[PDB]
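Accompanying notes for the structure given below.
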Amino acid sequence: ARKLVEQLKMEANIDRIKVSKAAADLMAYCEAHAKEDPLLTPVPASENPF
Amino acid sequence: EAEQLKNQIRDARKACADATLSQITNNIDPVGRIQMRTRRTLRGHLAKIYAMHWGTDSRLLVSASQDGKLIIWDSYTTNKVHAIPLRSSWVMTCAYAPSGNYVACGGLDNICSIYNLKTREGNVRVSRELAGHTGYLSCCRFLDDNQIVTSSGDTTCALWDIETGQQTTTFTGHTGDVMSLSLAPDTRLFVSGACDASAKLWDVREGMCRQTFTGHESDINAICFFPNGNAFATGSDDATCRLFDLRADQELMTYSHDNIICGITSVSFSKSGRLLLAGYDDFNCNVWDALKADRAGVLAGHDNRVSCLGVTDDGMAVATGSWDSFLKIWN
Amino acid sequence: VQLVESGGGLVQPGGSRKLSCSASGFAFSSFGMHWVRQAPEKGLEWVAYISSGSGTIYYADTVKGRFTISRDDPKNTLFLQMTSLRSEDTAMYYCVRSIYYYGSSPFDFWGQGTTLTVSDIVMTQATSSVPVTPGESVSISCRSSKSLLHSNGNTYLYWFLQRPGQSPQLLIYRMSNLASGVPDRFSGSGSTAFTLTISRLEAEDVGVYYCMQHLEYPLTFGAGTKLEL
Amino acid sequence: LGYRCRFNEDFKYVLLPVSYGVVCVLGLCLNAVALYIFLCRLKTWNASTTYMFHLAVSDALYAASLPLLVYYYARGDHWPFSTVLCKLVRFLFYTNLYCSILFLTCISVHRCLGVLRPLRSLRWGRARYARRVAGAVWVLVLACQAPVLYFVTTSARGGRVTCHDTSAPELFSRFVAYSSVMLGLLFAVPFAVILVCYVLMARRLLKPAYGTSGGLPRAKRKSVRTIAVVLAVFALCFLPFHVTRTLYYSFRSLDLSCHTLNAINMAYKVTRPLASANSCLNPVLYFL
Amino acid sequence: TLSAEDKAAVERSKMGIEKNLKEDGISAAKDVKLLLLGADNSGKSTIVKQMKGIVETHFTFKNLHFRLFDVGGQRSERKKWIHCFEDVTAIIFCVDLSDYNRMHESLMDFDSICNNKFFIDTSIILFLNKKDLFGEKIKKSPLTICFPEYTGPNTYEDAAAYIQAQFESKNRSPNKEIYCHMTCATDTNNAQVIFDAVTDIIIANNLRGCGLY
Ligand SMILES: Nc1ncnc2c1ncn2[C@@H]1O[C@H](COP(=O)(O)OP(=O)(O)OP(=O)(O)O)[C@@H](O)[C@H]1O
């Protein structure tokens, strides 16, 4: 049980901050790479490998 | 003391959650109906296909099936490049080395075999056989040509040096069978989902668990990293897909519907992380908007349970395997 | 890997002889096989080809009907039966292995040829003899009548270096594709005027350099470009 | 065609039109929906599904051949169309009637082999074999029913032009010989093979296992019930029709008093609707 | 196909690799896959050794290549790898008739296995071994120690029929069938019993697949 409580105590120090920014990070990653995604904006058949 | 620590962790989780992801995301338009059609169909496998993996060149893929065959396919021209016989037909996972010189597989044999693709004799031969896991092999991913991380049903995950053939590290702390693992883009951390309905983030260099996530109700069957590397998604046997965050260290989004009552076999992300693809037991594969809670499309080309799923490194295609012994590439 | 031939000798005009290739150290059945001829005028010439599993068979424009190429995979032997030998057949023939799949390197290994005595897309190598200065980088070029850049992006120009008293070595299989076991100082580029560049040239690379094409079934070698130190 | 003994046929001009029309409508609808399910609800076929598909297409073609016959019989045995049209329609009629019988024989043999030699006749690659068998059956029945294209013609009777289901009245001996040969080859062998297969397969199915408990399994009893139902339906639909046609042709070749010829005419042309109705009954029987 | 090397690659894929795939598929359809289940010291090992991670045992009896997969070495969760043995011909379940705690444990395990969703249409060959030991023990001790609701005679045949009826009571699927068998350590016709059982199962599979219902 000492190992479990020691791991739990060490797991306490994470400095979790800004859940709103934790969502805005995924927002910004999806926004900035939107044009690079071929599935999001389908490519023409001339430039499609398939 | 453990209960007090858990209560402190819960309080710290609640202290940060000022805004829910569903509220902020309402200001952008959805992706709409994602129209994706089958382009190729690989028709060489006989028994049920259990795992498949893409190569980093986004043209070659490796697939594993119950008939004891590792087949490498040319996705563009449908040609089969290699056919590797397996000693044990009960393969549950397969991997492609980032360089492209090696493939790996494992299953109920409790052995993670490694095969050499580029030899001098012109045939693919087995390079190393890694042993030490007590339970079945459920997932394996290369770090490089010499390092591979495996997960097993003995509630442990391990890191191996292929040349040495022994476990460098053993990751311990799960109480249920570990079902899947996913590597970070930098290959410095990974997440493993277990049968204890919990996901744990690991440190390959340190060798100890860093964070634990306890959102799901049943056993987690599939995990996958977000492309940015600070988030991941899970798929469990309660018709639910959930999105966690490493920094916030709690659940962020939930991907479920009332009409969905079957477990999730595989999950995968897109290049931008906007589309979350998940295979189900409805014999289908539902495309989810990651930022929202709304479904965006269905990959209904399979007549059997979809067992494996993945997206290419350039994001131009999606390959889905299933128990109907076929692989389909969707664009 | 080891390809060894035999059955070479003096042949009277109008006679017949057979060439045999002995192979070991590699999966013979998965490899397609070649026969390449070199006259004593330092010119390589392709003769016949057989595919893996004895399927597709090709013959040269000058030996068709006269020659026959056959193989048996269980015995790991490749045969070449030639009938009514002419004075133009006085040359030494090589046994070349060549496997074909996505990303493979064809023409990778060459055997030790046996001499025989009997008593398209043209490749241009205008440079014939070039003084080689050790320690100084050199450049070797080749020319083609028809562009080798195919629609699938594969430009089939091959590079072979023939050491004196030795078989050719596959330096480069497709353009800017360094082969296996070849030092990194070599480099290939081009389009159609291609070029092989050897940065920081050292010793033990003196020989005759040839350029080859794999676009069409009529397969043509280049003229002998020689580096003399 | 000035026959000595003129028959009395008033039943036919009412019975055969309505029967053929109802059978045509029902069989066309059932075979259309059967092809729809066999081509859309699934596209993975085993050695039996191909046989059912080919039987369905034979039944559909047989039903499609019917509108000309119902029109001709409802118009009082009058033919207003060309000779080649009626030759083709009779050829299609008999070709599909015997093709359905051959496909039923194939299904019976397949079931009897799946029960009597289960492991051997089941664990192999057995789809191209079914396709080859179906193609061979199609080719054989087409080559066998080709002579009716030559045989069938038209001939007027004092202002009454009619189409001959048999040959012309002058070449009747050769048609009778050919019809007897075809009756033998394409009825007696398939009927006997179907009967033997189903009887032996039911006999095997009645045998209990070793470690079984209770009575016979519900599967092994409903299978025998379906065997008996299929065999009885086939017999009722085809055996009286063929025996009546044999007696009809034999007594036409060797004449008797007018009463006997009228009676055999009545019997044969009231047994015709059963052989017609087998085609629409087949999808129901093979769906139940 | 538009290039010579592409032509040769397509020829390789369609002529060599597909040839080996077809040959492997032809040679892989001759075998019979059987799952082996039971308790510890229940005779499960001693019958598979008499005929002869995961323990794969194979033998040929009547031009049939039986493959018995002993999964008893798996200490992990059963509900995570039970779907792998979906296409098995049958399940061979071994039950020891000597003791009673393992008897009730085997009742629970048989109930769990029989009503599994992946095995609704999968027949079961149930073995009740150590019958000599069971009779020798029951000639001096009653079966009421095991089943308190047992009201029949304390004789070998009546007791054994009661246990056999107890196990078959767990079946609630009409399509499934349990092929019970009484065997001992010196019994040698077990392979024959499995042969007739799998023959019957194959007959029932043909009946199901022929559209005869
Ligand atoms: N021996 C006969 N005596 C009198 N009439 C006959 C005789 N044989 C045939 N017919 C008449 O000839 C007509 C057609 O002759 P045919 O044999 O070609 O047709 P069928 O087989 O008898 O049956 P259907 O006439 O309905 O098509 C019939 O309507 C029948 O009335």
Side-chain angles (χ1 to χ4, degrees), chain D residues 1-7 9-24 62 65-70 72-80 82-98 145-156 158-183 186-187 238 240-254 256-258 260-277 279:
Chain D
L1 81 185
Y3 311 102
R4 165 280 299 201
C5 171
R6 331 190 209 76
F7 308 154
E9 303 156 37
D10 263 16
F11 67 100
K12 166 204 325 179
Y13 315 166
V14 179
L15 157 73
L16 289 192
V18 57
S19 160
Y20 275 9
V22 164
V23 161
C24 161
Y62 182 91
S65 66
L66 284 188
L68 251 57
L69 275 66
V70 63
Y72 159 76
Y73 281 120
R75 226 184 312 287
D77 274 2
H78 200 62
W79 196 215
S82 50
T83 319
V84 64
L85 196 59
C86 197
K87 298 150 74 59
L88 187 153
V89 85
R90 301 286 192 175
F91 169 81
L92 209 82
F93 189 83
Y94 284 91
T95 279
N96 297 123
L97 183 124
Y98 287 114
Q145 290 299 310
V148 317
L149 257 180
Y150 154 80
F151 266 126
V152 165
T153 180
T154 60
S155 272
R160 202 188 76 170
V161 50
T162 75
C163 182
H164 291 253
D165 180 58
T166 58
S167 80
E170 74 251 12
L171 52 145
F172 198 62
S173 296
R174 54 166 52 190
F175 181 82
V176 155
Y178 157 76
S179 210
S180 184
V181 152
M182 221 49 30
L183 160 86
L186 278 180
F187 181 74
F238 283 126
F241 169 83
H242 276 70
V243 303
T244 44
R245 101 172 296 164
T246 315
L247 288 183
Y248 181 49
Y249 291 165
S250 297
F251 295 161
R252 272 174 78 191
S253 100
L254 167 157
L256 310 79
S257 172
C258 261
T260 89
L261 285 319
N262 201 27
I264 62 158
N265 188 339
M266 177 100 201
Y268 171 52
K269 313 211 172 153
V270 303
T271 51
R272 270 186 181 157
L274 304 163
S276 181
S279 303

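A, B, ... follow the sequence lines: proteins, then strands. Residue 1 opens every chain. In each ligand, atom 1 is the first atom listed, and ligand 1 is the first ligand listed. Keep in mind that the numbers below use all heavy atoms, side chains included, and drop hydrogens, waters and symmetry copies.
The shell of residues lying under 4.0 angstrom from ligand 1, judged by heavy atoms, includes D:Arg272. Heavy atoms of D:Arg90 approach ligand 1 to within less than 4.0 angstrom. The shortest heavy-atom distance from D:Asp77 to ligand 1 is under 4.0 Å.
For ligand 1, the atoms lying closer than 4.0 Å to a non-hydrogen atom of D:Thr166 are 16 (P), 17 (O), 18 (O), 21 (O). Close approach of ligand 1 to D:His164 is summarised as follows: ligand atoms under 4.0 Å from at least one heavy atom of the residue are 18 (O). Near D:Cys5, with a cut-off below 4.0 Å to any heavy atom, the atoms of ligand 1 are 3 (N), 4 (C).
Side-chain N/O atoms of D:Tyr178 and D:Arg174 include no donor and acceptor closer than 3.5 Å.
Annotation: D:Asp165 places an N or O atom under 3.5 Å from an N or O atom of ligand 1; distance criterion only. Considering both main-chain and side-chain atoms, D:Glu9 comes within under 3.5 Å of ligand 1 through a nitrogen or oxygen pair. At least one N/O-N/O distance between D:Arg252 and ligand 1 falls below 3.5 Å. Between D:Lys269 and ligand 1, an N or O atom pair is found at a separation short of 3.5 Å. For the pair D:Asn265 and ligand 1, the shortest N or O to N or O distance does not fall below 3.5 Å.
Residue D:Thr95 holds its OG1 atom at 7.5 Å from CG of D:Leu149, rounded to the nearest 0.5 Å.
Below 30°, between 30° and 60°, or above 60°: for D:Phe172 and D:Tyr249 the angle between ring planes is above 60°, a perpendicular geometry.
Within the 4.5 Å cutoff, side-chain heavy atoms of D:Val89 are placed close to those of D:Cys86.
For an aromatic pair to be called close, the ring centres must be under 6.0 Å apart, and D:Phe93 with D:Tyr62 satisfies this.
In D:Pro169, neither the side chain nor the backbone holds a heavy atom less than 4.0 Å from any atom of ligand 1. Only the side chain of D:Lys12 comes within contact range of ligand 1, with a heavy atom under 4.0 Å; no backbone atom does.
Here D:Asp165 pairs with D:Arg272 in a salt bridge; the nearest charged N to carboxylate O distance falls below 4.0 Å.
Taking every heavy atom of both residues into account, D:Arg160 and D:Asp77 meet most closely at CG-O, 4.5 Å.
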> For D:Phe7 and D:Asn262, what are the C-alpha separation, side-chain angles and deciding distance, and is it a side-chain contact (heavy atoms from CB on, under 4.5 Å)?
Replying inline: CA-CA 5 Å; D:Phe7 308 154; D:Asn262 201 27; 4.1 Å; yes
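For atom 20 (P) of ligand 1, the candidate residues are D:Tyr72, D:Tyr249, D:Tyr248, D:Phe172; the nearest heavy-atom contact is made by D:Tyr248.
Listed for the D:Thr271 side chain is a donor-acceptor partner under 3.5 Å among the backbone atoms of D:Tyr268.
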